[PDB]
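Just below is one structure, and these are the notes that go with it.
Below, chains carry the letters A, B, ... as their sequence lines are ordered, and counting in each starts from 1. Side-chain atoms are counted along with the backbone in the values below, which use heavy atoms only and exclude waters and symmetry mates.
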Number of protein chains: 4
Amino acid sequence: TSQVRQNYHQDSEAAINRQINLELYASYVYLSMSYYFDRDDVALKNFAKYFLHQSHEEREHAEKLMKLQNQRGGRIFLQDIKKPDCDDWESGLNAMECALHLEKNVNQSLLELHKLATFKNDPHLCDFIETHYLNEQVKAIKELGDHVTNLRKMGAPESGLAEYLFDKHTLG
Amino acid sequence: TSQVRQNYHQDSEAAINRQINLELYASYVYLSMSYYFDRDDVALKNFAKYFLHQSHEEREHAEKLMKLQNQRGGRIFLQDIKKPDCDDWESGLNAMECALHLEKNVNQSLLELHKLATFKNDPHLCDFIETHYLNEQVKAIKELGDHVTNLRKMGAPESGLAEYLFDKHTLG
Amino acid sequence: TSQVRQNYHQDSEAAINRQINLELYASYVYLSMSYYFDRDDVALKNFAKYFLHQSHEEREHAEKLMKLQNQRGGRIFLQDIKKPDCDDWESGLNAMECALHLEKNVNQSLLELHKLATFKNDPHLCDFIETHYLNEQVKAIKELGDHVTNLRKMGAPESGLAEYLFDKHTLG
Amino acid sequence: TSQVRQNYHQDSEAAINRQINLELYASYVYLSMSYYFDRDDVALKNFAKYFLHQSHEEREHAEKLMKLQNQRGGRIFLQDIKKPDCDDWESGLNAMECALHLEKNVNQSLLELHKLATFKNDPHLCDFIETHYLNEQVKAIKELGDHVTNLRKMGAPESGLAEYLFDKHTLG
Ligand SMILES: [Fe+3]
Ligand SMILES: [Fe+3]
Ligand SMILES: [Fe+3]
Ligand SMILES: [Fe+3]
């Protein structure tokens, strides 16, 4: 056992390793979405910037969790990162809704991790999660809500002008 | 009786207290409107900016009359700040129209003060209303009229595109 | 129902709405205190500055709570802001004593609000209160108790010198 | 008759000359008060600089009215500047209460002058009094009232320590 390990239950260790996988998965979904909007037949390059930047942020989330795992004396076990559920994301509003849906899954997973950490009386782990993940799930979910709503009210996905104007004025 | 009081009728002091409660109420309406446009199913960030600024500006008006109450030797007596009429403001256009109605009422009230203070031969009080309040109201009314007109022409409130663009290109 | 709402209970949404009102009321109490010390027969700029600053901070607390409500997908419902209890706050010491009382009641509301968030397993809400509200109350309470201590030891409210010199040296 | 007179009554010219004389008198009262506090047996150096400042402001008020008299085409007529009622002003608190009484008398004089300008329908002479003299009198009376109030609670005039600290912290 690790000379640093203190108050770090192996269920919390197991859960952090599968949160690490979900954060890498999330980053890969976003990578897929970003380069979808790069396509010459979609061509929304602020949608592409937006999802690429969320792709990088979600990789920082993974490494933070991996750093946490070593800080606490657990051992990273990496898993396959599954390909995203869709090669084709259909529209800007559809990707935004898929992202909002992904972000709610990721957040549900973080709420479970926190419930477990709470059950395991790991206040450093709870604080770690509250400090670095919980509010930025709320913030990202709220921001995608904002985005989904404006896109709908602008007349997406049926309107091509809606996704264009949103791309320049909200995402530029 | 106040050692500074001079030519300050008890009727003007009571009227000043009433206007203070109007200005606080106006502040509260605008606060209400602002965080409506911050909802995830309205999501108009600069409509929300605009009204929150108005709310702070109204709070300045209230405080300036309380300064005046004291400068003249009157005594401040505050009342309840009633909640605004609506919790839901329907749309950007309807909010602007409500705000336009509220400004004309506040103007009505200030013109009544001025009239009273004329009746009571209070030339310093008449100049105070004129210098700090009356032309602020003509400006605010003329602005909300400008906004109300533009949103109507753009096709608000049926057209979600209209309010989206107005928020970016006028309230931004 | 709201597309961003996740793990946000009805009960917690109601409390936030009540806390918004309490913060608004405390902003109003401090404003009443501010212009009491602006009076010609009271005359203490620094008590009045101190309290106006607190009125404005409390206004900021109330707005961050409305930002949260929207962030989490709940709905703000504003109510009347009650007038404060006193019109004459008697003395600088007595205002400091009532301000201390107000801050402890607001803390009681925040502690109860945090406890409900625990009960509903809202770890994000819990973190929100800890970060922005709980230590603010503990500092605000300690500062106010320090002020009452010095005002009493100086001879207040009997001594007009006591309060005059505190106004210059502590609040300057 | 002056090539520049228009809507300027014989009575208004005469009341301006009366007001010039009053401002010169008030400057002369403050100068007397100034060097009372410069005496080796009063020795309140900031009371003296305060009242020399007031004395010089009053000299500027008189000059502004002489400039107005010539702006409207009326003719300046100077009278004796009577000596102040007092050579000995007894105490700083006493000098302030007397100053308060002076600025209320000069105010009542300016209110009667604005009433006359109204009587004669001189909107320029009215606004001149409003812009330049009315709010200054309201502020001078309030500030003196504040000083009188603080001196009293501090224990003036029986407390020489009070007048000394007042001179340091308020007036220095
Ligand atoms: Fe994440
Ligand atoms: Fe106003
Ligand atoms: Fe607070
Ligand atoms: Fe003067």
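Although no hydrogens or angles enter the test, the distance criterion places no donor-acceptor pair under 3.5 Å between the side chain of B/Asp38 and the main chain of C/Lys67. In this structure, the side chain of A/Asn150 engages the main chain of B/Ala43 through a donor-acceptor pair within 3.5 Å. Between the side chain of C/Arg72 and the main chain of A/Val138, no donor-acceptor pair closer than 3.5 Å is present. A side-chain donor-acceptor contact under 3.5 Å links B/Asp167 to the backbone of B/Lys45. With A/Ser12 contributing its side chain and A/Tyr8 its backbone, the two residues share no donor-acceptor pair below 3.5 Å.
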Go through the steps for C/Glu13 and C/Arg5 under the test salt bridge (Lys or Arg N to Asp or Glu O under 4.0 Å), then give the verdict.
CA-CA 11 Å; C/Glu13 163 179 23; C/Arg5 191 181 192 124; 2.9 Å; yes
Criterion salt bridge (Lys or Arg N to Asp or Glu O under 4.0 Å) on B/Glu97 and B/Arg152, from CA distance to verdict
CA-CA 10 Å; B/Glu97 284 177 308; B/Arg152 278 167 191 175; 2.9 Å; yes
Using salt bridge (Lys or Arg N to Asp or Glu O under 4.0 Å), reason through A/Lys64 and A/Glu60 one step at a time and then give a plain yes or no.
CA-CA 6 Å; A/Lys64 185 88 170 174; A/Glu60 289 157 57; over 6 Å; no
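In this structure, a donor-acceptor pair under 3.5 Å is absent between the side chains of C/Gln71 and C/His124. A/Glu90 and A/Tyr36 are not linked by any side-chain donor-acceptor pair at a separation below 3.5 angstrom, with hydrogens and angles left out of the test.
Interatomic distance, CG of B/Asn105 versus CG of B/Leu110, reported as 11.0 Å (0.5 Å rounding). Residue A/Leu125 holds its CG atom at 8.0 Å from NE2 of A/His114, rounded to the nearest 0.5 Å.
By the 30° and 60° cut-offs, the orientation of the rings of B/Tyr133 relative to B/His61 is tilted.
Electrostatic pairing of A/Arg39 and A/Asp41 counts as a salt bridge here, judged by a charged N lying under 4.0 Å from a carboxylate O.
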Mind listing the side-chain donor-acceptor pairs of residues 23-30 of chain C below 3.5 Å, one per line with the distance, residues two or more places apart or on another chain?
unit_1: C/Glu23; atom_1: OE2; unit_2: C/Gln19; atom_2: NE2; d: 3.0
unit_1: C/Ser27; atom_1: OG; unit_2: C/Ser55; atom_2: O; d: 2.9
unit_1: C/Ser27; atom_1: OG; unit_2: C/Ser55; atom_2: OG; d: 3.3
unit_1: C/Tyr28; atom_1: OH; unit_2: B/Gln79; atom_2: O; d: 2.6
unit_1: C/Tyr30; atom_1: OH; unit_2: C/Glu103; atom_2: OE2; d: 2.6

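For the pair A/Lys168 and A/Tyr164, the cation-pi criterion (under 6.0 Å, within 45° of the ring axis) is fulfilled.
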